[PDB]
Each structure stands twice: as C-alpha cells, then as structure tokens.
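J.: Encoded as structure tokens, here's the structure I'll be asking about.
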Amino acid sequence: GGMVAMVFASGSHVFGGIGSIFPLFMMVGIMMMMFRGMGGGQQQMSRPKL
Amino acid sequence: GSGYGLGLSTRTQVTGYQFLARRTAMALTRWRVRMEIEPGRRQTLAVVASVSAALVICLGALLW
C-alpha cells in the first residue's frame with residue numbers, strides 16, 4: 001500500500017481506473033498464501049493422504 | 001429428520017463429501033469403484049491449467 005501511496009503522492013496517477021488491476025491481484029495473491037496454504041510439521045494429514 | 005435443512009458444517013465434512021462425489025461419478029461411467037488411478041481429477045486440472053494460461057497471456061497484454 002505504501003508503494004501505491006508513494007506513487008499517488010508523486011502524482012503519476014498511472015494506477016487510476018483499470019490500471020489498478022495490478023496492485024489488486026497481488027494483494028489477493030498474498031492473502032491466499034498467508035491465510036490458507038498448507039499445514040506444518042505437526043499437521044501431517046492432508047487431502048492427498050487422507 | 002436429520003441431515004435436512006441448512007445446518008452448520010465443518011471443513012472435514014466438505015472434503016468428505018467431495019470424496020464421495022468423485023467415487024460415485026466414476027461408477028456411472030466405468031462401472032467399477034476400484035479407482036486404481038483417479039483420471040477424473042487430472043482431466044479437470046488440465047482445464048484449470050488451460051484457463052490460467054489464457055489469463056496470464058491477456059494480463060501480459062495489458063502490461064504491454
């Protein structure tokens with residue numbers, strides 16, 4: 001978010017409108033890895049073995 | 001009764017149902033439940049790979 005704010009304060013306004021699709025998909029992609037993803041060493045069970 | 005209506009559910013019940021759905025689906029087309037290998041999975045994943053490749057290219061175009 002800081003990068004986007006830094007560019008908007010700088011006045012490029014390149015991310016306006018459809019240009020915003022790049023920051024949007026990245027933010028969502030990060031969200032999938034941190035909240036879902038897969039279990040650790042103490043969570044050996046998973047769909048392929050169960 | 002039981003099982004009817006919109007009651008609560010858990011994540012193990014969601015995968016459990018998807019297992020029964022895959023197993024019953026092949027029983028209609030191959031007439032056996034042995035499920036030595038699971039070809040239904042692979043055929044579905046191949047389409048998802050196809051769609052993803054389409055999205056990557058048009059996003060590449062927008063970047064251009």
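Please note that chains go A, B, ... in the order of the structure tokens, that every chain numbers its residues from 1, and that ligands are numbered from 1 in the order shown.
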If we count only C-alpha atoms, what is near residue 5 (chain A) at a cut-off of 12 Å, once residues fewer than 6 positions away on the same chain are taken out, given as a list in words?
T.: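 Once the nearby chain positions are removed, what remains is residues 11, 12, 13, 14, 15, 16 and 23 of chain A.
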J.: Residues of chain B were defined as contacting chain A if any atom lay at most 10 Å from it, counting only C-alpha atoms; please report them as a PyMOL selection string.
T.: chain B and resi 12+15-16+19+59+62-63
J.: So which one's closest to residue 38 (chain B), A:34, A:24, A:48, A:9? Using only C-alpha atoms, please.
T.: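 With only C-alpha atoms as the atom set, the closest residue is A:48.
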J.: How far is it from CA of residue 35 (chain B) to CA of residue 22 (chain B), in Å with one decimal?
T.: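 Taking CA of residue 35 (chain B) and CA of residue 22 (chain B), their separation equals 9.8 Å.
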J.: Just how far from CA of residue 27 (chain A) is CA of residue 1 (chain A), in Å to one decimal?
T.: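 Separating CA of residue 1 (chain A) from CA of residue 27 (chain A) is a distance of 9.0 Å.
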J.: Please identify the alpha helix (DSSP H) residues within chain B (assignment by DSSP from backbone atoms) and present them as an MDAnalysis selection string.
T.: chainID B and resid 11:29 39:63
J.: What is the CA of residue 18 (chain B)-CA of residue 1 (chain B) distance in Å, reported with one decimal?
T.: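 Straight-line distance from CA of residue 18 (chain B) to CA of residue 1 (chain B) works out to 23.1 Å.
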